[PDB]
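Text of model.txt, listed as compact mmCIF, N, CA and C atoms and all ligand atoms:
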```txt
# COMPACT_ATOMS: atom_id res chain seq x y z
N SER A 7 106.73 39.08 -18.81
CA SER A 7 108.08 38.91 -19.34
C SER A 7 108.98 40.09 -19.01
N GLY A 8 110.29 39.89 -19.11
CA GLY A 8 111.27 40.94 -18.89
C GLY A 8 112.60 40.44 -18.34
N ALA A 9 113.67 41.21 -18.53
CA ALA A 9 114.99 40.83 -18.08
C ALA A 9 115.80 42.06 -17.68
N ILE A 10 116.87 41.84 -16.90
CA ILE A 10 117.85 42.86 -16.56
C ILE A 10 119.10 42.56 -17.37
N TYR A 11 119.68 43.57 -18.05
CA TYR A 11 120.89 43.36 -18.84
C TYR A 11 122.01 44.17 -18.21
N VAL A 12 122.97 43.53 -17.54
CA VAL A 12 124.05 44.25 -16.85
C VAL A 12 125.37 43.62 -17.25
N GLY A 13 126.31 44.40 -17.79
CA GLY A 13 127.58 43.83 -18.24
C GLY A 13 127.35 42.75 -19.28
N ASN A 14 127.97 41.58 -19.09
CA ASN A 14 127.71 40.47 -20.02
C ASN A 14 126.76 39.45 -19.42
N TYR A 15 125.76 39.93 -18.66
CA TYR A 15 124.79 39.04 -18.02
C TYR A 15 123.36 39.45 -18.37
N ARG A 16 122.44 38.46 -18.41
CA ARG A 16 121.02 38.64 -18.60
C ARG A 16 120.37 37.93 -17.39
N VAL A 17 119.57 38.67 -16.59
CA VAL A 17 118.88 38.13 -15.42
C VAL A 17 117.42 37.99 -15.75
N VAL A 18 116.87 36.77 -15.60
CA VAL A 18 115.46 36.53 -15.91
C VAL A 18 114.84 35.71 -14.78
N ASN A 19 113.48 35.61 -14.78
CA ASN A 19 112.82 34.66 -13.86
C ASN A 19 113.21 33.27 -14.33
N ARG A 20 113.63 32.42 -13.39
CA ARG A 20 114.05 31.07 -13.76
C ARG A 20 112.93 30.31 -14.51
N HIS A 21 111.65 30.55 -14.11
CA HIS A 21 110.55 29.81 -14.76
C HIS A 21 110.27 30.28 -16.18
N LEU A 22 110.83 31.43 -16.60
CA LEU A 22 110.65 31.96 -17.96
C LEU A 22 111.93 31.85 -18.82
N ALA A 23 113.00 31.22 -18.27
CA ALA A 23 114.26 31.11 -18.99
C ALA A 23 114.05 30.29 -20.27
N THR A 24 114.72 30.71 -21.32
CA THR A 24 114.59 30.05 -22.64
C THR A 24 115.64 28.96 -22.80
N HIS A 25 115.56 28.18 -23.92
CA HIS A 25 116.60 27.18 -24.21
C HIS A 25 117.98 27.88 -24.31
N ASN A 26 118.03 29.08 -24.94
CA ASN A 26 119.28 29.81 -25.04
C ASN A 26 119.83 30.25 -23.69
N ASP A 27 118.96 30.67 -22.76
CA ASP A 27 119.43 31.02 -21.40
C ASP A 27 120.12 29.82 -20.74
N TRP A 28 119.49 28.63 -20.84
CA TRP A 28 120.05 27.43 -20.21
C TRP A 28 121.35 26.98 -20.90
N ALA A 29 121.45 27.20 -22.22
CA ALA A 29 122.68 26.85 -22.96
C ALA A 29 123.85 27.82 -22.63
N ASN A 30 123.54 29.02 -22.12
CA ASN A 30 124.56 29.97 -21.73
C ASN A 30 124.47 30.25 -20.21
N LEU A 31 124.13 29.24 -19.42
CA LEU A 31 123.93 29.37 -17.98
C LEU A 31 125.17 29.81 -17.21
N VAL A 32 124.99 30.83 -16.35
CA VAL A 32 126.03 31.27 -15.41
C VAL A 32 125.67 30.79 -14.00
N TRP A 33 124.40 30.99 -13.60
CA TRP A 33 123.96 30.65 -12.25
C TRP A 33 122.44 30.57 -12.23
N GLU A 34 121.88 29.69 -11.42
CA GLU A 34 120.42 29.64 -11.25
C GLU A 34 120.08 29.18 -9.84
N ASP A 35 118.91 29.59 -9.34
CA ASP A 35 118.50 29.20 -8.00
C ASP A 35 116.99 29.08 -8.00
N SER A 36 116.48 27.83 -7.96
CA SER A 36 115.05 27.56 -7.93
C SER A 36 114.39 28.23 -6.74
N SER A 37 115.09 28.23 -5.58
CA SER A 37 114.48 28.82 -4.38
C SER A 37 114.28 30.32 -4.52
N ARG A 38 115.00 30.99 -5.43
CA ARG A 38 114.86 32.44 -5.62
C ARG A 38 114.06 32.80 -6.90
N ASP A 39 113.75 31.80 -7.75
CA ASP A 39 113.13 32.01 -9.06
C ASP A 39 114.03 32.88 -9.95
N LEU A 40 115.37 32.72 -9.83
CA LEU A 40 116.27 33.50 -10.69
C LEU A 40 117.17 32.64 -11.53
N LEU A 41 117.48 33.14 -12.74
CA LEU A 41 118.49 32.52 -13.59
C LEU A 41 119.25 33.63 -14.27
N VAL A 42 120.58 33.45 -14.36
CA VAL A 42 121.48 34.43 -15.03
C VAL A 42 122.21 33.70 -16.18
N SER A 43 122.17 34.29 -17.37
CA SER A 43 122.86 33.72 -18.53
C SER A 43 123.87 34.75 -19.06
N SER A 44 124.83 34.26 -19.86
CA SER A 44 125.84 35.16 -20.42
C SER A 44 125.38 35.74 -21.75
N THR A 45 125.86 36.96 -22.07
CA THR A 45 125.51 37.62 -23.33
C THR A 45 126.79 38.00 -24.09
N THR A 46 126.67 38.25 -25.39
CA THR A 46 127.81 38.72 -26.18
C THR A 46 127.83 40.26 -26.18
N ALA A 47 126.65 40.90 -26.14
CA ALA A 47 126.57 42.37 -26.14
C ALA A 47 126.60 42.92 -24.71
N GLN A 48 127.11 44.14 -24.54
CA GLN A 48 127.17 44.81 -23.24
C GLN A 48 125.79 45.32 -22.85
N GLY A 49 125.38 45.07 -21.59
CA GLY A 49 124.06 45.44 -21.08
C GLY A 49 123.80 46.91 -20.84
N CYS A 50 122.49 47.31 -20.86
CA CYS A 50 121.99 48.68 -20.69
C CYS A 50 121.74 49.10 -19.21
N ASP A 51 121.59 48.14 -18.28
CA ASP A 51 121.19 48.39 -16.87
C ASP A 51 122.34 48.49 -15.86
N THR A 52 122.07 49.13 -14.66
CA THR A 52 122.95 49.23 -13.51
C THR A 52 122.17 48.73 -12.22
N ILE A 53 122.86 48.04 -11.29
CA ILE A 53 122.22 47.44 -10.11
C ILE A 53 122.38 48.31 -8.86
N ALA A 54 121.27 48.52 -8.13
CA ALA A 54 121.30 49.26 -6.87
C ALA A 54 122.06 48.44 -5.83
N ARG A 55 122.82 49.14 -4.97
CA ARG A 55 123.56 48.49 -3.85
C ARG A 55 123.16 49.34 -2.64
N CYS A 56 122.02 49.02 -2.05
CA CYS A 56 121.39 49.88 -1.03
C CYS A 56 120.41 49.05 -0.19
N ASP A 57 119.77 49.75 0.79
CA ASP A 57 118.72 49.14 1.61
C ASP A 57 117.38 49.84 1.41
N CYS A 58 117.14 50.44 0.21
CA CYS A 58 115.84 51.06 -0.06
C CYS A 58 114.69 50.09 0.14
N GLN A 59 113.58 50.58 0.66
CA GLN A 59 112.32 49.85 0.80
C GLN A 59 111.16 50.54 0.09
N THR A 60 111.49 51.54 -0.79
CA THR A 60 110.50 52.16 -1.69
C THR A 60 111.13 52.21 -3.09
N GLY A 61 110.27 52.22 -4.08
CA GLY A 61 110.72 52.25 -5.47
C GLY A 61 109.54 52.31 -6.42
N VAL A 62 109.81 52.04 -7.69
CA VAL A 62 108.78 52.09 -8.75
C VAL A 62 108.96 50.81 -9.57
N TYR A 63 107.83 50.14 -9.90
CA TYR A 63 107.93 48.95 -10.76
C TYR A 63 107.10 49.11 -12.02
N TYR A 64 107.48 48.37 -13.08
CA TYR A 64 106.71 48.36 -14.30
C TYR A 64 105.72 47.17 -14.26
N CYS A 65 104.43 47.50 -14.53
CA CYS A 65 103.35 46.51 -14.53
C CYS A 65 102.82 46.37 -15.98
N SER A 66 103.22 45.27 -16.66
CA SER A 66 102.84 45.08 -18.05
C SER A 66 101.32 44.93 -18.25
N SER A 67 100.59 44.34 -17.25
CA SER A 67 99.12 44.17 -17.35
C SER A 67 98.34 45.47 -17.23
N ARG A 68 99.03 46.59 -16.97
CA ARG A 68 98.44 47.92 -16.95
C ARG A 68 99.18 48.90 -17.89
N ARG A 69 100.29 48.46 -18.50
CA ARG A 69 101.17 49.36 -19.27
C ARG A 69 101.55 50.62 -18.47
N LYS A 70 101.84 50.42 -17.18
CA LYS A 70 102.07 51.59 -16.30
C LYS A 70 103.12 51.28 -15.27
N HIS A 71 103.76 52.32 -14.74
CA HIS A 71 104.63 52.16 -13.58
C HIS A 71 103.87 52.60 -12.32
N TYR A 72 104.15 51.90 -11.21
CA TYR A 72 103.50 52.23 -9.95
C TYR A 72 104.54 52.37 -8.83
N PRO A 73 104.36 53.33 -7.91
CA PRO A 73 105.26 53.41 -6.73
C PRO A 73 104.86 52.32 -5.69
N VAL A 74 105.84 51.82 -4.95
CA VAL A 74 105.60 50.76 -3.94
C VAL A 74 106.44 50.95 -2.73
N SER A 75 105.92 50.48 -1.57
CA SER A 75 106.69 50.30 -0.34
C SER A 75 106.78 48.75 -0.21
N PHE A 76 107.98 48.18 -0.08
CA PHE A 76 108.12 46.72 -0.05
C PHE A 76 108.90 46.24 1.17
N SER A 77 108.67 44.98 1.55
CA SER A 77 109.37 44.38 2.69
C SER A 77 110.80 44.01 2.32
N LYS A 78 111.66 43.87 3.34
CA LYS A 78 113.04 43.48 3.11
C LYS A 78 113.08 42.04 2.55
N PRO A 79 114.12 41.66 1.80
CA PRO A 79 114.17 40.29 1.25
C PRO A 79 114.03 39.23 2.34
N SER A 80 113.08 38.28 2.13
CA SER A 80 112.85 37.27 3.16
C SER A 80 112.34 35.97 2.54
N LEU A 81 112.16 34.93 3.42
CA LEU A 81 111.72 33.59 3.01
C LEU A 81 110.21 33.59 3.18
N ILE A 82 109.47 33.43 2.05
CA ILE A 82 108.01 33.53 2.03
C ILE A 82 107.41 32.31 1.38
N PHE A 83 106.36 31.73 1.99
CA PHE A 83 105.71 30.56 1.41
C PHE A 83 104.96 30.96 0.14
N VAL A 84 105.15 30.15 -0.93
CA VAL A 84 104.51 30.36 -2.22
C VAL A 84 103.79 29.06 -2.60
N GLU A 85 102.50 29.18 -2.92
CA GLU A 85 101.64 28.05 -3.27
C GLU A 85 102.15 27.35 -4.53
N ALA A 86 101.79 26.05 -4.68
CA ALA A 86 102.21 25.32 -5.87
C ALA A 86 101.65 25.96 -7.13
N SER A 87 102.41 25.85 -8.23
CA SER A 87 101.96 26.36 -9.52
C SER A 87 102.40 25.32 -10.58
N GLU A 88 102.16 25.64 -11.85
CA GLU A 88 102.63 24.79 -12.95
C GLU A 88 104.17 24.73 -13.00
N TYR A 89 104.86 25.73 -12.40
CA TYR A 89 106.30 25.81 -12.48
C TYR A 89 107.05 25.24 -11.29
N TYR A 90 106.42 25.21 -10.11
CA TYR A 90 107.11 24.80 -8.88
C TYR A 90 106.17 24.13 -7.93
N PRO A 91 106.68 23.19 -7.12
CA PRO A 91 105.84 22.66 -6.03
C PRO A 91 105.66 23.76 -4.96
N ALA A 92 104.73 23.52 -4.00
CA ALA A 92 104.57 24.44 -2.87
C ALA A 92 105.94 24.50 -2.11
N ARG A 93 106.44 25.72 -1.84
CA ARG A 93 107.79 25.86 -1.27
C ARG A 93 107.99 27.24 -0.65
N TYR A 94 109.11 27.44 0.05
CA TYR A 94 109.48 28.78 0.50
C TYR A 94 110.38 29.38 -0.55
N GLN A 95 110.02 30.56 -1.05
CA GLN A 95 110.87 31.28 -1.98
C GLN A 95 111.70 32.29 -1.15
N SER A 96 113.02 32.27 -1.31
CA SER A 96 113.92 33.14 -0.58
C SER A 96 114.21 34.44 -1.33
N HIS A 97 114.72 35.46 -0.59
CA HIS A 97 115.13 36.75 -1.17
C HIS A 97 113.94 37.43 -1.87
N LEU A 98 112.72 37.23 -1.31
CA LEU A 98 111.51 37.79 -1.92
C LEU A 98 111.04 39.01 -1.11
N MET A 99 110.58 40.06 -1.83
CA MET A 99 110.08 41.30 -1.19
C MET A 99 108.65 41.51 -1.60
N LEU A 100 107.72 41.69 -0.65
CA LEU A 100 106.31 41.88 -1.03
C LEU A 100 105.88 43.31 -0.91
N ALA A 101 104.91 43.67 -1.74
CA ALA A 101 104.33 45.01 -1.71
C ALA A 101 102.87 44.95 -2.13
N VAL A 102 102.12 45.99 -1.76
CA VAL A 102 100.75 46.16 -2.23
C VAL A 102 100.83 46.86 -3.59
N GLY A 103 100.24 46.19 -4.60
CA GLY A 103 100.22 46.68 -5.97
C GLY A 103 99.63 45.61 -6.86
N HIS A 104 99.16 46.05 -8.02
CA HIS A 104 98.57 45.12 -8.97
C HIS A 104 99.59 44.25 -9.66
N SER A 105 99.27 42.96 -9.81
CA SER A 105 100.08 42.07 -10.64
C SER A 105 99.24 40.88 -11.09
N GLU A 106 99.61 40.33 -12.25
CA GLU A 106 99.10 39.12 -12.87
C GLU A 106 100.32 38.24 -13.23
N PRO A 107 100.12 36.93 -13.45
CA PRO A 107 101.28 36.04 -13.72
C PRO A 107 102.26 36.52 -14.80
N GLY A 108 101.72 37.03 -15.91
CA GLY A 108 102.50 37.54 -17.04
C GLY A 108 103.32 38.79 -16.72
N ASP A 109 103.07 39.42 -15.56
CA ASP A 109 103.87 40.59 -15.15
C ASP A 109 105.28 40.21 -14.67
N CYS A 110 105.55 38.89 -14.49
CA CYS A 110 106.89 38.48 -14.05
C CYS A 110 107.95 39.03 -15.00
N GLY A 111 109.02 39.55 -14.43
CA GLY A 111 110.10 40.11 -15.25
C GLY A 111 110.10 41.64 -15.26
N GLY A 112 108.98 42.27 -14.86
CA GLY A 112 108.95 43.74 -14.76
C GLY A 112 109.99 44.23 -13.74
N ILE A 113 110.73 45.28 -14.07
CA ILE A 113 111.76 45.78 -13.17
C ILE A 113 111.24 46.69 -12.07
N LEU A 114 111.79 46.49 -10.87
CA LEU A 114 111.59 47.37 -9.70
C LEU A 114 112.91 48.18 -9.60
N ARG A 115 112.81 49.55 -9.56
CA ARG A 115 113.98 50.42 -9.46
C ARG A 115 113.78 51.39 -8.31
N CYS A 116 114.89 51.77 -7.66
CA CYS A 116 114.89 52.89 -6.71
C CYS A 116 115.83 53.96 -7.34
N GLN A 117 116.11 55.05 -6.60
CA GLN A 117 117.00 56.09 -7.11
C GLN A 117 118.42 55.61 -7.36
N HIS A 118 118.82 54.42 -6.85
CA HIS A 118 120.20 53.92 -7.00
C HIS A 118 120.39 52.96 -8.18
N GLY A 119 119.28 52.47 -8.74
CA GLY A 119 119.35 51.52 -9.83
C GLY A 119 118.32 50.40 -9.71
N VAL A 120 118.59 49.31 -10.42
CA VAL A 120 117.67 48.16 -10.43
C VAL A 120 117.73 47.43 -9.10
N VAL A 121 116.55 47.16 -8.52
CA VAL A 121 116.46 46.45 -7.23
C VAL A 121 116.14 44.96 -7.46
N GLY A 122 115.22 44.69 -8.37
CA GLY A 122 114.81 43.30 -8.63
C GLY A 122 113.75 43.20 -9.70
N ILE A 123 113.13 42.01 -9.83
CA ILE A 123 112.12 41.79 -10.88
C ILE A 123 110.87 41.17 -10.28
N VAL A 124 109.69 41.45 -10.88
CA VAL A 124 108.44 40.81 -10.42
C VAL A 124 108.59 39.27 -10.51
N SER A 125 108.19 38.54 -9.45
CA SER A 125 108.31 37.09 -9.45
C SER A 125 107.03 36.40 -8.91
N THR A 126 106.26 37.08 -8.04
CA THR A 126 105.03 36.48 -7.47
C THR A 126 103.95 37.58 -7.34
N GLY A 127 102.72 37.18 -7.03
CA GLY A 127 101.70 38.17 -6.71
C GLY A 127 100.47 37.51 -6.14
N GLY A 128 99.45 38.29 -5.95
CA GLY A 128 98.21 37.80 -5.35
C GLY A 128 97.17 38.88 -5.45
N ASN A 129 96.10 38.77 -4.66
CA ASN A 129 94.99 39.72 -4.70
C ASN A 129 95.41 41.07 -4.17
N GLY A 130 95.92 41.93 -5.05
CA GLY A 130 96.39 43.24 -4.64
C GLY A 130 97.80 43.20 -4.08
N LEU A 131 98.55 42.12 -4.28
CA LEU A 131 99.95 42.00 -3.87
C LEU A 131 100.83 41.80 -5.12
N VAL A 132 102.11 42.19 -4.96
CA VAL A 132 103.13 41.97 -5.97
C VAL A 132 104.41 41.63 -5.22
N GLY A 133 105.14 40.60 -5.66
CA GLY A 133 106.37 40.19 -5.00
C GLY A 133 107.54 40.24 -5.96
N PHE A 134 108.70 40.71 -5.45
CA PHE A 134 109.87 40.94 -6.30
C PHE A 134 111.07 40.11 -5.80
N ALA A 135 111.75 39.45 -6.76
CA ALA A 135 112.96 38.73 -6.46
C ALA A 135 114.08 39.77 -6.39
N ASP A 136 114.74 39.87 -5.22
CA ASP A 136 115.85 40.83 -5.05
C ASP A 136 117.06 40.39 -5.84
N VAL A 137 117.83 41.37 -6.40
CA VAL A 137 119.10 41.06 -7.05
C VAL A 137 120.26 41.90 -6.43
N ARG A 138 119.97 42.76 -5.42
CA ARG A 138 121.01 43.65 -4.88
C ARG A 138 122.15 42.96 -4.20
N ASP A 139 121.91 41.73 -3.70
CA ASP A 139 122.98 41.00 -3.03
C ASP A 139 123.93 40.29 -4.01
N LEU A 140 123.61 40.23 -5.30
CA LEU A 140 124.45 39.50 -6.28
C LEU A 140 125.56 40.42 -6.75
N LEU A 141 126.61 40.55 -5.89
CA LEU A 141 127.66 41.54 -6.17
C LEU A 141 128.44 41.28 -7.43
N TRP A 142 128.54 39.98 -7.80
CA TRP A 142 129.29 39.57 -8.98
C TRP A 142 128.67 40.04 -10.29
N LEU A 143 127.40 40.52 -10.29
CA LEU A 143 126.80 41.01 -11.54
C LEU A 143 127.57 42.20 -12.12
N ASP A 144 128.26 42.98 -11.23
CA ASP A 144 129.02 44.21 -11.51
C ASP A 144 130.42 43.99 -12.02
N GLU A 145 130.88 42.75 -12.13
CA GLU A 145 132.24 42.50 -12.63
C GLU A 145 132.26 41.36 -13.64
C1 LIG B 201 103.15 37.66 -10.64
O1 LIG B 201 102.51 36.41 -10.37
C2 LIG B 201 101.21 36.43 -9.93
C3 LIG B 201 100.46 37.58 -9.78
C4 LIG B 201 99.13 37.49 -9.40
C5 LIG B 201 98.57 36.27 -9.13
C6 LIG B 201 99.34 35.12 -9.24
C7 LIG B 201 100.66 35.18 -9.65
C8 LIG B 201 101.42 33.91 -9.97
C9 LIG B 201 102.48 33.55 -8.94
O2 LIG B 201 102.70 34.23 -7.96
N1 LIG B 201 103.15 32.40 -9.16
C10 LIG B 201 102.70 31.37 -10.10
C11 LIG B 201 103.30 31.51 -11.49
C12 LIG B 201 104.77 31.89 -11.58
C13 LIG B 201 105.68 31.38 -10.47
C14 LIG B 201 105.64 32.18 -9.16
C15 LIG B 201 106.80 31.78 -8.28
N2 LIG B 201 107.78 32.67 -8.18
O3 LIG B 201 106.80 30.72 -7.65
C16 LIG B 201 104.34 32.07 -8.37
ZN ZN B 202 118.16 52.35 -3.42
```

Can you dump the structure from the file as structure tokens?
Amino acid sequence: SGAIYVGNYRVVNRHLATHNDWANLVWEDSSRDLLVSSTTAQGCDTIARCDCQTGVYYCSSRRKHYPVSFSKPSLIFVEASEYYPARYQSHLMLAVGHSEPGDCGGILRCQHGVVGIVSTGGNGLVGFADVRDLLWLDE
């Protein structure tokens, strides 16, 4: 679990969005596993606007942060799950690091701010949904 709170927006994994997120929907994209909802309170986070390929993510299944080198956002095949059919997930960045399904929502940050959130993983892999291209989150 986990979310990004920026301005009057809450960014979550689309597959973990609540009834309240959907009732206050701003934007969602199944191909990216992202959903953004509106909030009444002002958010605590700031978004990176950069091309960093290293950063640190929070891993809830270890209660720890880990450094990572990750690939640029791209279209990657993701196997079927309870939440989605087998499909290509876009704007996804992969890295070597520990993850379990419940780690979705953990934030990946570089020195410039929030880069994205955990969205996929595998045997010693962790994948992050990028949010740096969503320029409208800042206004
Ligand atoms: C962090 O997730 C994992 C980590 C280790 C192993 C497996 C997973 C689970 C995973 O990658 N899934 C299935 C559940 C959620 C939806 C994801 C998606 N974005 O399509 C894909
Ligand atoms: Zn950066």

Q: Write out as a list in words the residues lying within 9 Å of residue A:67, counting only C-alpha atoms and excluding same-chain residues fewer than 4 positions away.
A: residues 104, 105, 106, 108 and 109 of chain A

Could the residues of chain A that have an atom at most 6 Å from ligand LIG 201 (chain B) be listed as CSV, each with its closest atom pair and the distance in Å to one decimal, counting only C-alpha atoms and all ligand atoms and ordered by chain and ascending residue number?
```
residue,atom,partner,partner_atom,distance
A:39,CA,B:LIG201,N2,5.5
A:84,CA,B:LIG201,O3,5.9
A:87,CA,B:LIG201,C10,5.1
A:89,CA,B:LIG201,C13,6.0
A:105,CA,B:LIG201,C3,4.6
A:106,CA,B:LIG201,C3,3.7
A:107,CA,B:LIG201,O1,3.6
A:109,CA,B:LIG201,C1,5.4
A:110,CA,B:LIG201,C1,5.1
A:125,CA,B:LIG201,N2,4.6
A:126,CA,B:LIG201,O2,3.3
A:127,CA,B:LIG201,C3,3.4
A:128,CA,B:LIG201,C5,4.1
```

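For the set A:49, A:61, A:91, A:111, the residue with the smallest atom-to-atom gap to ligand ZN 202 (chain B) is A:61, counting only C-alpha atoms and all ligand atoms.
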
Could you give me, as a PDB file with N, CA and C atoms, keeping the file's coordinate frame, every polymer residue with an atom at most 7 Å away from an atom of ligand ZN 202 (chain B), counting all atoms listed in the file?
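Generated file (part_34.pdb):
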```pdb
ATOM      1  N   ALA A  54     121.270  48.520  -8.130  1.00  0.00           N
ATOM      2  CA  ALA A  54     121.300  49.260  -6.870  1.00  0.00           C
ATOM      3  C   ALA A  54     122.060  48.440  -5.830  1.00  0.00           C
ATOM      4  N   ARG A  55     122.820  49.140  -4.970  1.00  0.00           N
ATOM      5  CA  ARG A  55     123.560  48.490  -3.850  1.00  0.00           C
ATOM      6  C   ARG A  55     123.160  49.340  -2.640  1.00  0.00           C
ATOM      7  N   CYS A  56     122.020  49.020  -2.050  1.00  0.00           N
ATOM      8  CA  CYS A  56     121.390  49.880  -1.030  1.00  0.00           C
ATOM      9  C   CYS A  56     120.410  49.050  -0.190  1.00  0.00           C
ATOM     10  N   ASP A  57     119.770  49.750   0.790  1.00  0.00           N
ATOM     11  CA  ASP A  57     118.720  49.140   1.610  1.00  0.00           C
ATOM     12  C   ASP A  57     117.380  49.840   1.410  1.00  0.00           C
ATOM     13  N   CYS A  58     117.140  50.440   0.210  1.00  0.00           N
ATOM     14  CA  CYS A  58     115.840  51.060  -0.060  1.00  0.00           C
ATOM     15  C   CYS A  58     114.690  50.090   0.140  1.00  0.00           C
ATOM     16  N   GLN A  59     113.580  50.580   0.660  1.00  0.00           N
ATOM     17  CA  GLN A  59     112.320  49.850   0.800  1.00  0.00           C
ATOM     18  C   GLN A  59     111.160  50.540   0.090  1.00  0.00           C
ATOM     19  N   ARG A 115     112.810  49.550  -9.560  1.00  0.00           N
ATOM     20  CA  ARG A 115     113.980  50.420  -9.460  1.00  0.00           C
ATOM     21  C   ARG A 115     113.780  51.390  -8.310  1.00  0.00           C
ATOM     22  N   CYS A 116     114.890  51.770  -7.660  1.00  0.00           N
ATOM     23  CA  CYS A 116     114.890  52.890  -6.710  1.00  0.00           C
ATOM     24  C   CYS A 116     115.830  53.960  -7.340  1.00  0.00           C
ATOM     25  N   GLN A 117     116.110  55.050  -6.600  1.00  0.00           N
ATOM     26  CA  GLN A 117     117.000  56.090  -7.110  1.00  0.00           C
ATOM     27  C   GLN A 117     118.420  55.610  -7.360  1.00  0.00           C
ATOM     28  N   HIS A 118     118.820  54.420  -6.850  1.00  0.00           N
ATOM     29  CA  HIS A 118     120.200  53.920  -7.000  1.00  0.00           C
ATOM     30  C   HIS A 118     120.390  52.960  -8.180  1.00  0.00           C
ATOM     31  N   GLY A 119     119.280  52.470  -8.740  1.00  0.00           N
ATOM     32  CA  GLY A 119     119.350  51.520  -9.830  1.00  0.00           C
ATOM     33  C   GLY A 119     118.320  50.400  -9.710  1.00  0.00           C
TER      34      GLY A 119
END
```

Requested in this report: If you run DSSP over the backbone, which residues in chain A end up helix (DSSP H, G or I)? Put them as number ranges by chain.
Outcome: A: 20-22, 25-29, 36-38, 107-109, 141-144

For this session: Skip residue A:51 itself and residues of its chain fewer than 4 positions away, then list as a ChimeraX atom specification all residues within 8 Å of it, counting only N, CA and C atoms.
Result: /A:10-13,119-120

Mind dumping the selected residues with N, CA and C atoms as a CSV table (one decimal), keeping the file's coordinate frame?
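out-v9.csv, freshly written:
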```
chain,number,residue,atom,x,y,z
A,10,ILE,N,116.9,41.8,-16.9
A,10,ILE,CA,117.8,42.9,-16.6
A,10,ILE,C,119.1,42.6,-17.4
A,11,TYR,N,119.7,43.6,-18.0
A,11,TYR,CA,120.9,43.4,-18.8
A,11,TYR,C,122.0,44.2,-18.2
A,12,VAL,N,123.0,43.5,-17.5
A,12,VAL,CA,124.0,44.2,-16.8
A,12,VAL,C,125.4,43.6,-17.2
A,13,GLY,N,126.3,44.4,-17.8
A,13,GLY,CA,127.6,43.8,-18.2
A,13,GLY,C,127.4,42.8,-19.3
A,119,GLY,N,119.3,52.5,-8.7
A,119,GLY,CA,119.4,51.5,-9.8
A,119,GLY,C,118.3,50.4,-9.7
A,120,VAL,N,118.6,49.3,-10.4
A,120,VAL,CA,117.7,48.2,-10.4
A,120,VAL,C,117.7,47.4,-9.1
```

- [ ] Considering all atoms listed in the file, return as number ranges by chain whatever protein or nucleic-acid residues lie within 6.5 Å of residue A:83, sequence-local ones (same chain, fewer than 5 positions apart) excluded.
- [x] A: 93-95
